[PDB]
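Okay, so here's just one chain, in structure tokens, the form deposited in one PDB entry.
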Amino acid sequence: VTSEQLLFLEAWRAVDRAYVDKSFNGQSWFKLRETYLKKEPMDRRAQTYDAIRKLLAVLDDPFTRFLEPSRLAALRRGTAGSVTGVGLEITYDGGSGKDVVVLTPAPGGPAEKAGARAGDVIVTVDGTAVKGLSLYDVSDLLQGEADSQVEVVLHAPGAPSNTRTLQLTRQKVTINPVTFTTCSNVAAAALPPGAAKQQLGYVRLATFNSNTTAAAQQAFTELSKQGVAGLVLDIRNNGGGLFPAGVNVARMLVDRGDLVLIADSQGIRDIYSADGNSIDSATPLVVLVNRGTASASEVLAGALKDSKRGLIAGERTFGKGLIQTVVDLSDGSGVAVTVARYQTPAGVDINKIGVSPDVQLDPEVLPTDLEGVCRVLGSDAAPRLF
């Protein structure tokens, strides 16, 4: 057994042990391993890399890929530079014919500005058809020199005809995780049953990152302090990002019971529950969501709904429920692998299904800016949130 063969095996093993589906997409994982060891050239590192890649492909899971030591490192050093993008976070389609689609059009970003919406299929990036490419490959296409341009062609799902050809200028897009306000003189159409007052606390979590937690905490604390009659938690177009932030937020609102299950073809492998340490467990709550509501955000929504902590209003969410992790190799290289799936507290997959609203509403109706928000809520055509 050579060093190179030993390395290929670390990769094969990473999947053998961690993969989400222990039937390996109806393939004999073990048979593959032996076959490859006998048939695939692996005398030089570069070739062992090709072998791993070839191996990973049989699973037919676009999220599962191999990463070379440099790319891994660079992923890691990540976010920094004059490297800029177009305000687009991506993922693959919720039922894979293939497709790379928009996950999140960053608020006030180029893509956003141009009309790109969550869920839109990306056909090409500067002439190259992106279908089936690694998300890493795609990110690279969209990324580039500061203030430079790139052509993105997209179409609405199921309408390859209805395409739009975006000419985008690459620029850093700073984003804020949390904003909130108190809306006063709120219309009644918008108040929870029996509101002592016409005031709603509004909390906008546009993103789940490392800053979300502290800002959300503070927000709920103040609002509770003010005794608003109801809370509006807006997670529309929030790609999810940081899972832990999603859980911390949910613990702020739900004081007991289960929040989210981590499952695979084995059964439940892990679970996250309330820790009892909430900020507000009593003010009536409504959560705004939409098709751009994904991953950690959907976990939050699911927890709020299933526990009966709040109603869900808007339109069904993204349905992005897979969990990928990177397994590092001795190499310094790594295998990004899908290892689990989020399920709601009720035992339902987030993947494909998403979170469904209790109050079906046009998710467009409400603005995202504080002023505009209070304006629509305190008005004649204020949405019937509750």
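Position 1 is the first residue in the sequence shown; the rest follow in order. Rigid core here is just the name for the largest C-alpha set that superposes within 1.5 Å across the two forms.
In this entry, the higher average B-factor at the C-alpha atoms falls on 192-200, of the pair 302-310 and 192-200. Per the PDB record, of the two stretches 330-338 and 356-364, 356-364 carries the greater mean B-factor over its C-alpha atoms. Across 322, 346, 42, 52, the greatest Cα temperature factor reported in the deposited entry is at 346.
Each of 213, 266, 161, 124 has a CA temperature factor in the record; the biggest one is found at 161. Among the modelled residues of its chain, residue 140 has a C-alpha B-factor that falls in the highest third, as given in the PDB entry.
The PDB entry assigns residue 236 a C-alpha temperature factor belonging to the middle third of its chain's modelled residues. Sort the chain's modelled residues by C-alpha temperature factor and residue 226 lands in the highest third, per the entry.
Split the chain's modelled residues into thirds by C-alpha temperature factor. Residue 281 is in the middle one. For residue 120, the recorded CA temperature factor ranks within the middle third of the chain's modelled residues.
What follows is about the form deposited in another entry, which we do not show.
Core-aligned CA deviation for residue 358 between the shown form and the other one: less than 2 Å.
Taking 2 Å as the criterion, residue 337 does not count as shifted between the shown form and the other one: its C-alpha moves by less than this amount when the rigid core is aligned.
Once both forms are overlaid on the rigid core, the distance between the two CA positions of residue 69 between the shown form and the other one is 2 angstroms or more.
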